[PDB]
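Before any comments, here is the structure.
Computed from the coordinates by the stated procedures, all read-outs in this text should not be read as laboratory data. Positions of Cβ are generated from backbone atoms using ideal geometry, with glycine treated the same way; all protein chains shown enter the neighbour counts.
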Amino acid sequence: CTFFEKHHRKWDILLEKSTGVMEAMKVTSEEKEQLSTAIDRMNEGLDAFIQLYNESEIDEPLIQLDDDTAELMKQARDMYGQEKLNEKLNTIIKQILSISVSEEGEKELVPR
């Protein structure tokens, strides 16, 4: 992202800055810090990166891909909800997770 990669390390930057700092990008307005950030890069960044990865950032050698990101949205969605906005995040995450970014795994393994 800041070295060589472009978006390959950006999606992780948006997921690492959005709900990976809890202020560096979580205290931008809350509603705008989740939406603006859910569209900022998640817009074409997700639709793109996803169309390039569709694993949640697997290509990127970090841990795997599931925890690489899931661990982020998990710790948040398990600690507060995703960014302390669960109230509205549930939709922001459900949207940025149902948009087919989670892992294009039928929404998430099993729907029902």
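So the values come out like this:
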{"quantity": "Subset of the range 18-35 (residues that are touching a residue at least 12 places away in the same chain (Cβ under 8 Å) and not aliphatic (A, V, I, L, M))", "calculated": "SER18, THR19, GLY20, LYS26, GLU30, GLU31, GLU33, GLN34"}
{"quantity": "Flag if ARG41 is touching a residue at least 12 places away in the same chain (Cβ under 8 Å), of a type outside the set (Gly, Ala, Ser) and more than 20 Å from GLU108 (Cα to Cα)", "calculated": "yes"}
{"quantity": "Helices (runs of 4 or more DSSP H) wholly inside the range 13-82 that include at least 3 residues being within 15 Å of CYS1 (Cβ to Cβ)", "calculated": "47-52"}
{"quantity": "When residues of the range 51-110 are limited to those that are among the β-branched types (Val, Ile, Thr) and surrounded by 15 or more Cβ atoms within 10 Å (Cβ to Cβ), the one farthest from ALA38 (Cα to Cα)", "calculated": "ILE58"}
{"quantity": "Selection status of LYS10, of a type outside the set (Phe, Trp, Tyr) and buried (at least 18 other Cβ atoms within 10 Å of the Cβ)", "calculated": "yes"}
{"quantity": "Condition broken by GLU104, with the remaining ones in (1) touching a residue at least 12 places away in the same chain (Cβ under 8 Å); (2) in a loop (DSSP other than H, G, I, E, B); (3) within 18 Å of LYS10 (Cβ to Cβ) satisfied", "calculated": "(3)"}
